[PDB]
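Presented below is the structure to which this report refers.
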Amino acid sequence: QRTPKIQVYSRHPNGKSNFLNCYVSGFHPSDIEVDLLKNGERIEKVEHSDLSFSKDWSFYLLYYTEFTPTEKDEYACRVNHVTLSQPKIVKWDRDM
Amino acid sequence: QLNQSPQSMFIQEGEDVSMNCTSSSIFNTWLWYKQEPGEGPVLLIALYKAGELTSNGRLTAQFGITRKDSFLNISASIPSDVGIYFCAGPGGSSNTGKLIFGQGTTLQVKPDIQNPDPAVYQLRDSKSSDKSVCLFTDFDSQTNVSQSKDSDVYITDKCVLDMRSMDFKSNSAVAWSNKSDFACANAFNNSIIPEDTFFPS
Amino acid sequence: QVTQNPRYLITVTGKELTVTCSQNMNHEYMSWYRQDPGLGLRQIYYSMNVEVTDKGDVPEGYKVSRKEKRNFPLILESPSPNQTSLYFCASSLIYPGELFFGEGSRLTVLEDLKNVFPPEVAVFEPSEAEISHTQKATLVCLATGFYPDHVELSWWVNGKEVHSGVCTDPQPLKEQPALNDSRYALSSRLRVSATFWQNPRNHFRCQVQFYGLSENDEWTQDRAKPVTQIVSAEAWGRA
Amino acid sequence: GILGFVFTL
Amino acid sequence: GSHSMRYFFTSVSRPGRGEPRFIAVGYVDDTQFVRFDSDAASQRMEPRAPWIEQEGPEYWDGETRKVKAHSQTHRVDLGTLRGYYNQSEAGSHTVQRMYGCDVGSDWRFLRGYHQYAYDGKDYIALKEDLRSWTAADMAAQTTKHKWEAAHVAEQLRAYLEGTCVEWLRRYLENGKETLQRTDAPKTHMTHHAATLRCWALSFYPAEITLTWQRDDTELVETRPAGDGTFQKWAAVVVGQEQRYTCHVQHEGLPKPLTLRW
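Structure representation (structure tokens):
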């Protein structure tokens, strides 16, 4: 009955080949709807990581794009879980 | 493959007996099974760690610290223990669910005879026809029986019977013949037999 | 107990067979074995729990399946003389464990059934010589010309089985020379009291059970049809 | 390189 | 260095319809190379690392036929547990399996693992030693005997310290560039709003620890990049700002870097 923390970041460190990423951990039960939203609505095309048990028995998945940074645009990632009260989303600051 | 020895063994009432397995792969579980003819294999002893397992027995089963061969003795032999003996080792290093059994050594146990006064007697059929038999019975346990060596003939090998009411034992061996007519006072002369009472009709 | 269907039967090259074995209770890992005089036991196919298809050492000429626990069948698309043996179906709940083997189902595969012949039986009355020099009785019943080894002999004192003082030959001794292709033979001996014999009022019946064809198979030679059949022979005492 | 066999809870 | 092999599983009840799902991915020192997912469209073992590729065709199905039988077992498990639970069977329950073994820089066997879990909390496990298991409760507890009267537990011993490790160097030997080198983390440090953290860059493998010190600290779970490298940063609160020093060390590096500036 433990619900995941999320954290958003980038692959490499102004536009170029850089993939955005979402990573969820410390949750259960397992399945969970993690979206990627940009502008204000989901982009289409991400691939995905595969499910994995932990030390704590707390799984962890990583989604990613292939993007190119913009500065008029910040993109944040809709995540919701059986544990969760909100479709809580965490807006991406380039420094985290 | 899981080996086993000896080929087949023939001890007497009273004696000890020793068999063995030897594998190629490393096993940590060693199981001896035994089947008497016609039935399923039955578990006798199982071994899990190195060191011995006395139970049930009478018996004594050893785990070779090689983890690659085991042993089975039986002390004070009894005819009640005749059978096909096996070693089962569920491999294992095989990374499969296999249950590997060996060649299997066939034990057979000759008991003594208290007073073997051997001879050959003659018997005739319920069809009442001139086809004959001459039983050979009540002879020492050591005695073996050859086979003709005569086209017509077919010589049975030995046998053991027991009427438990008098604790009376009897070895037994037979051989029949019709064509051509041929007596029983010369159907067994090939094999080696101490002196008997073949009574003239 | 695991039941083995059927306990003993015969077939021909080309006609498929299905040997089912029952199960209780709610064990999971069962296999089928093969045995014959010589190499001894070996393992063919096995499957831990349900729907897990695993080959093992001697496969060819075989295949298998199982979608639920209770039953476990080994099927054969082309019976050939290689698979004439003695099959066992053992059973336990998990891998590994001690196994619970079955009765002993034996299938015998033949090139042609022309050579399926039944046993012929005659009993042989005890000599007075035996009674004169030892005071004991030995009756000897036989079976002259049968094929293959699908027989079991017994004895019947006063209308009922007995076992006290009776022996049987543990192997069907062949007759003719060419190996592995011809009619076998088998004998027994029933040994009892000397006085017991002299009585003209008791049963001495040598009852022999031959397994064979069943009348769902056609017959060529206008000789009678072998099938399954009992061939008994009986004799009486004489003082 | 995995377990070639499996047991039931 | 110290290398190892593992295979993670997760099977989950789905009563409604449902989807009793089963993913299967394994890790060589936290490197992906395998894949088995039911809801997928392959129903096989897919490659994920550019070095799994070589083994033959019957390796791959030498491996699909098994994760197949792994899967069908947890069908029973998932539908066995509830027997303890007397639960609803309109509830989505979860079971994870975990068995493995490690090896020192020796390349010879060292430790061996084998644990199940349900609800995300410990179910049953196998201790350092391979005699004996770990009981969590009375449900996980029952299981033990038939792992203790049948001896099935006993064998894993043949496979873990025996079959497993040779698989590992079957892997490591031709895994040489992308399995066993030391990636040195690069470092920077920043300042804003004051807050100081010194970042570590693109490092393998997973385990590192960075920290600061004496002349209320935020930091983060390791983050995967996707290059087979990783992440971490260390939010520490400090005006005057010479402050503390970041202690960065891991096998890749000659010896722990110190840089306050």
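Residue numbers (our numbering), protein chains in the order written: chain F, 114 to 209; chain Z, 224 to 424; chain A, 7 to 245; chain V, 11 to 19; chain Y, -13 to 247.
Cβ atoms here follow ideal geometry from the backbone N, Cα and C, with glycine treated the same way.
Exposure of residue i, with buried meaning 16 or more beta-carbon neighbours within 10 Å
i: F/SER165; result: buried
i: Y/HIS178; result: exposed
i: A/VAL18; result: exposed
i: Z/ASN394; result: buried
i: Z/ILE288; result: exposed
i: A/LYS142; result: buried
i: A/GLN10; result: buried
i: Y/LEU245; result: exposed
i: A/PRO124; result: buried
i: residue 472 of chain Z; result: Any property of residue 472 of chain Z remains undetermined from this structure, which presents chain Z solely from 224 to 424.
i: A/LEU185; result: exposed
CB of residue i within 8 Å of CB of residue j, strictly
i: Z/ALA284; j: Z/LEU270; result: yes
i: A/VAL157; j: A/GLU240; result: no
i: Z/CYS382; j: A/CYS173; result: yes
i: F/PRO142; j: F/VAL203; result: no
i: A/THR201; j: Z/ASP361; result: no
i: Z/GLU259; j: Z/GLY306; result: yes
i: Z/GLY312; j: Z/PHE359; result: no
i: F/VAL137; j: F/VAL121; result: no
i: Y/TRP37; j: Y/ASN160; result: yes
i: F/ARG124; j: Y/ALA170; result: no
i: V/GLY11; j: Y/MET31; result: no
i: Z/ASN401; j: Z/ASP335; result: no
i: Y/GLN18; j: Y/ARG34; result: yes
i: A/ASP42; j: A/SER98; result: no
Residue-chain proximity (residue i, chain V), Cβ-Cβ < 8 Å
i: A/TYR217; result: no
i: Y/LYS52; result: yes
i: Y/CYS87; result: no
i: Y/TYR230; result: no
Within-8 Å CB hit, residue i to chain Z
i: A/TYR14; result: no
i: Y/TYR190; result: no
i: Y/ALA170; result: no
i: A/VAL157; result: no
i: residue 259 of chain Y; result: The first residue shown for chain Y is -13 and the last is 247, placing residue 259 of chain Y beyond what the model contains.
Distance between beta carbons of residue j and residue i, contact taken as under 8 Å
i: Y/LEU196; j: Y/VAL224; result: The Cβ separation is near 16 Å, so there is no contact.
i: A/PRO183; j: Z/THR252; result: The pair is not a contact, with the Cβ atoms about 46 Å apart (cut-off 8 Å).
i: Y/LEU112; j: Y/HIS100; result: 4 Å
i: A/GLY110; j: Z/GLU236; result: 28 Å between Cβ atoms; not a contact.
i: Y/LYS172; j: Y/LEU187; result: 4 Å
Interface residues of chain Z facing residue i [CB-CB closer than 8 Å]
i: V/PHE15; result: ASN318, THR319 and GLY320
Cβ of residue i within 8 Å of any chain Y Cβ
i: A/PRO65; result: no
i: A/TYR101; result: yes
i: Z/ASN251; result: yes
i: Z/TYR271; result: yes
i: Z/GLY315; result: yes
i: A/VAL58; result: yes
i: F/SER138; result: yes
Listed by chain order, chain F residues near residue i by CB distance under 9 Å
i: Y/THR(-4); result: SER143, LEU164, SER165, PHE166 and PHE172
Under 8 Å by beta carbon: chain Y residues contacting residue i
i: F/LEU175; result: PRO210 and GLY212
i: F/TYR188; result: None at all; the shortest Cβ gap to chain Y is about 17 Å.
i: F/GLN120; result: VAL206, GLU207 and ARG209
Contacts that residue i makes with chain Y (C-beta to C-beta distance below 9 Å)
i: Z/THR245; result: By Cβ distance, chain Y contributes nothing, its closest Cβ being about 17 Å from Z/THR245, past 9 Å.
Within-8 Å CB hit, residue i to chain A
i: Z/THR420; result: yes
Neighbouring residues, chain F, relative to residue i (Cβ below 7 Å)
i: Y/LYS241; result: Under the 7 Å cutoff, chain F gives no residues; its nearest Cβ is about 26 Å from Y/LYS241.
i: Y/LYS218; result: In chain order: nothing, as chain F lies at least about 11 Å away.
Chain V contact residues for residue i, given Cβ-Cβ distances below 9 Å
i: Y/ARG156; result: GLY11
i: Y/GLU49; result: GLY11 and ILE12
Contacts that residue i makes with chain A (C-beta to C-beta distance below 8 Å)
i: Z/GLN345; result: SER133 and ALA135
i: Y/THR59; result: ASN55
i: Z/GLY237; result: Those within 8 Å of Z/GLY237 in chain A number zero; the least Cβ separation is about 21 Å.
7 Å Cβ cut-off: residues of chain Z touching residue i
i: residue 5 of chain A; result: Nothing about residue 5 of chain A can be reported from this structure: the residues present for chain A run from 7 to 245 only.
i: A/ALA239; result: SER349
Contact set between residue i and chain V, taken where Cβ atoms lie within less than 8 Å
i: A/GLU34; result: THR18
Closer than 8 Å to chain B by CB, residue i
i: Y/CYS232; result: No chain B appears in this structure, whose protein chains are F, Z, A, V and Y.
Per-residue contacts from residue i into chain F (C-beta, under 8 Å)
i: Y/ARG3; result: By Cβ distance, chain F contributes nothing, its closest Cβ being about 14 Å from Y/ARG3, past 8 Å.
i: Y/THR80; result: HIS141, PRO142 and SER143
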